[PDB]
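All remarks here apply to the structure that follows.
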Amino acid sequence: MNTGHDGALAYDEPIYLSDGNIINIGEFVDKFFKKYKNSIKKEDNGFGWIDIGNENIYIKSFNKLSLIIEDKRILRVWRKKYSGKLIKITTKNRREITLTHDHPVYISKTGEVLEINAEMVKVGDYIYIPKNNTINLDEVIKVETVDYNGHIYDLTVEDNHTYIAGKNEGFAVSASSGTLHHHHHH
């Protein structure tokens, strides 16, 4: 069990459906929490998740296995409350996102995809981003934060452990389920 890890996104990060709905992650989740009120499970750690694999809805995902853009369907979602400073890593293409400092994201190591914390991804690291069908690099330019005090939200995209989320068109980053890739089923 690490100190860092275990992320989430701000309420007003887009999530880019396979249909392009450009909806707030927090509204997306909360719709389910407001219909499936009965289905609001809490964790022992007092979190709050719901399965939405029953909506079957498709998100624009990507597959790490070839850095390809495909669909998937989400299986569960999460919500927590947060107040603090979130990292606002911009890139030249006016991308940006609103996430934790210990948030797993990807960078170039000179041609290799490597996996690091967002707080290390400054104006001297190349933060991996999606393109059309493909993956590209863009330069981190502006390095600052926001103050945020609302709620935060996360997923269960267990399927390839990768999703799109963020602002503009978004970032191809890690997804998970329980913890640093455990999967305890059968």
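Residue numbers start at 1 in each chain; chains themselves are named A, B, ... in the order of the structure tokens; ligands are numbered from 1 in the order shown.
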
Next item on the list: Excluding stretch 150-160 of chain A and any residue of its chain fewer than 5 positions from it, enumerate the residues within 8 Å of it, using only C-alpha atoms, and give them as a count of residues only.
Entry: 26

Check: Residues at most 10 Å from residue A:116, counting only C-alpha atoms, excluding those fewer than 2 positions away in the same chain, as a PyMOL selection string?
Finding: chain A and resi 102-107+114+118-121+127

Notebook entry, point to check: Which is closest to residue A:124 among A:136, A:2, A:145, A:91, if we use only C-alpha atoms?
Noted result: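 Ranked by minimum distance to residue A:124, first place goes to A:91.
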
Next item on the list: Work out how far apart atom CA of residue A:125 and atom CA of residue A:22 are and give it in Å to one decimal.
Entry: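 About the pair atom CA of residue A:125 and atom CA of residue A:22: they are 27.9 Å apart.
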
Checklist line | Residue nearest residue A:36 among A:52, A:164, A:135, A:99 (counting only C-alpha atoms) | finding: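 Counting only C-alpha atoms, the residue closest to residue A:36 is A:52.
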
Margin query: Under the rule that only C-alpha atoms are counted, which of A:93, A:3, A:134, A:61 is the nearest residue to residue A:15?
Written below: A:61

Next item on the list: Using only C-alpha atoms, determine which residues lie at most 12 Å from residue A:112, disregarding the query and same-chain residues fewer than 2 positions distant; provide the list as a PyMOL selection string.
Entry: chain A and resi 67+106-110+114-115+126+128+137

Suppose we keep N, CA, C and O atoms; can you now write the selection as a PDB file, in the first residue's frame?
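Contents of the output file part-v9.pdb:
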```pdb
ATOM      1  N   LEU A  67      -0.770   1.677 -28.315  1.00  0.00           N
ATOM      2  CA  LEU A  67      -1.060   3.109 -28.270  1.00  0.00           C
ATOM      3  C   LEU A  67      -2.078   3.461 -29.367  1.00  0.00           C
ATOM      4  O   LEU A  67      -1.897   4.371 -30.182  1.00  0.00           O
ATOM      5  N   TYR A 106       1.884   9.513 -18.350  1.00  0.00           N
ATOM      6  CA  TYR A 106       2.955   8.985 -19.182  1.00  0.00           C
ATOM      7  C   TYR A 106       3.768  10.111 -19.792  1.00  0.00           C
ATOM      8  O   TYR A 106       3.239  11.187 -20.091  1.00  0.00           O
ATOM      9  N   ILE A 107       5.049   9.837 -20.018  1.00  0.00           N
ATOM     10  CA  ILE A 107       6.014  10.768 -20.577  1.00  0.00           C
ATOM     11  C   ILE A 107       6.894  10.049 -21.589  1.00  0.00           C
ATOM     12  O   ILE A 107       6.956   8.816 -21.609  1.00  0.00           O
ATOM     13  N   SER A 108       7.599  10.821 -22.410  1.00  0.00           N
ATOM     14  CA  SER A 108       8.644  10.283 -23.248  1.00  0.00           C
ATOM     15  C   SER A 108       9.904  10.104 -22.398  1.00  0.00           C
ATOM     16  O   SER A 108      10.342  11.005 -21.677  1.00  0.00           O
ATOM     17  N   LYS A 109      10.497   8.918 -22.518  1.00  0.00           N
ATOM     18  CA  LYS A 109      11.923   8.709 -22.288  1.00  0.00           C
ATOM     19  C   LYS A 109      12.552   8.442 -23.646  1.00  0.00           C
ATOM     20  O   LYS A 109      12.775   7.302 -24.054  1.00  0.00           O
ATOM     21  N   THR A 110      12.751   9.524 -24.385  1.00  0.00           N
ATOM     22  CA  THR A 110      13.572   9.590 -25.590  1.00  0.00           C
ATOM     23  C   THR A 110      13.073   8.668 -26.717  1.00  0.00           C
ATOM     24  O   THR A 110      13.777   8.428 -27.701  1.00  0.00           O
ATOM     25  N   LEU A 114       7.241   5.974 -20.648  1.00  0.00           N
ATOM     26  CA  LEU A 114       7.517   5.756 -19.235  1.00  0.00           C
ATOM     27  C   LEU A 114       6.369   6.338 -18.420  1.00  0.00           C
ATOM     28  O   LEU A 114       5.644   7.207 -18.908  1.00  0.00           O
ATOM     29  N   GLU A 115       6.223   5.878 -17.183  1.00  0.00           N
ATOM     30  CA  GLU A 115       5.105   6.146 -16.295  1.00  0.00           C
ATOM     31  C   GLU A 115       5.618   6.843 -15.033  1.00  0.00           C
ATOM     32  O   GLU A 115       6.502   6.301 -14.363  1.00  0.00           O
ATOM     33  N   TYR A 126       8.108  15.708 -21.624  1.00  0.00           N
ATOM     34  CA  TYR A 126       7.162  15.572 -22.720  1.00  0.00           C
ATOM     35  C   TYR A 126       6.042  14.659 -22.239  1.00  0.00           C
ATOM     36  O   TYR A 126       6.244  13.450 -22.139  1.00  0.00           O
ATOM     37  N   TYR A 128       2.909  12.523 -22.695  1.00  0.00           N
ATOM     38  CA  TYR A 128       2.272  11.846 -23.822  1.00  0.00           C
ATOM     39  C   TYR A 128       0.829  12.332 -23.946  1.00  0.00           C
ATOM     40  O   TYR A 128       0.167  12.484 -22.918  1.00  0.00           O
ATOM     41  N   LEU A 137       3.449  13.570 -28.933  1.00  0.00           N
ATOM     42  CA  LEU A 137       4.046  14.335 -27.845  1.00  0.00           C
ATOM     43  C   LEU A 137       3.703  15.807 -28.061  1.00  0.00           C
ATOM     44  O   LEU A 137       3.627  16.276 -29.206  1.00  0.00           O
TER      45      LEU A 137
END
```

Note to self: Using DSSP assignments from the backbone, pull out every residue in chain A that falls under helix (DSSP H, G or I) and give it to me as an MDAnalysis selection string.
What the structure shows: chainID A and resid 25:35 37:39 118:120

Could you save the residues just selected, with C-alpha atoms, as a compact mmCIF listing (two decimals), in the first residue's frame?
```txt
# COMPACT_ATOMS: atom_id res chain seq x y z
CA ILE A 25 -17.28 13.97 -15.12
CA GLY A 26 -19.03 15.01 -11.90
CA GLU A 27 -22.45 15.44 -13.57
CA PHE A 28 -21.95 12.14 -15.46
CA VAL A 29 -21.26 10.26 -12.23
CA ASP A 30 -23.91 12.14 -10.23
CA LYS A 31 -26.73 11.30 -12.69
CA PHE A 32 -26.10 7.66 -11.73
CA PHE A 33 -25.82 8.55 -8.01
CA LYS A 34 -29.23 10.37 -8.35
CA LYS A 35 -31.03 7.51 -10.17
CA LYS A 37 -29.41 6.20 -5.13
CA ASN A 38 -30.19 2.71 -3.83
CA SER A 39 -27.09 1.44 -5.67
CA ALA A 118 2.12 14.49 -12.70
CA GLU A 119 4.16 16.73 -10.32
CA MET A 120 7.38 15.51 -12.05
```

Margin query: One number please: atom CA of residue A:162 to atom CA of residue A:44, in Å, one decimal.
Written below: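 Answer for the atom CA of residue A:162 to atom CA of residue A:44 separation: 25.7 Å.
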
Checklist line | Between atom CA of residue A:87 and atom CA of residue A:148, distance in Å (one decimal) | finding: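 Computing the Euclidean distance for atom CA of residue A:87 and atom CA of residue A:148 yields 10.2 Å.
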
Item checked: Secondary structure check, strand (DSSP E or B) residues of stretch 69-127 of chain A, as an MDAnalysis selection string -> chainID A and resid 69:73 76:80 84:87 99 104:110 112:117 126:127
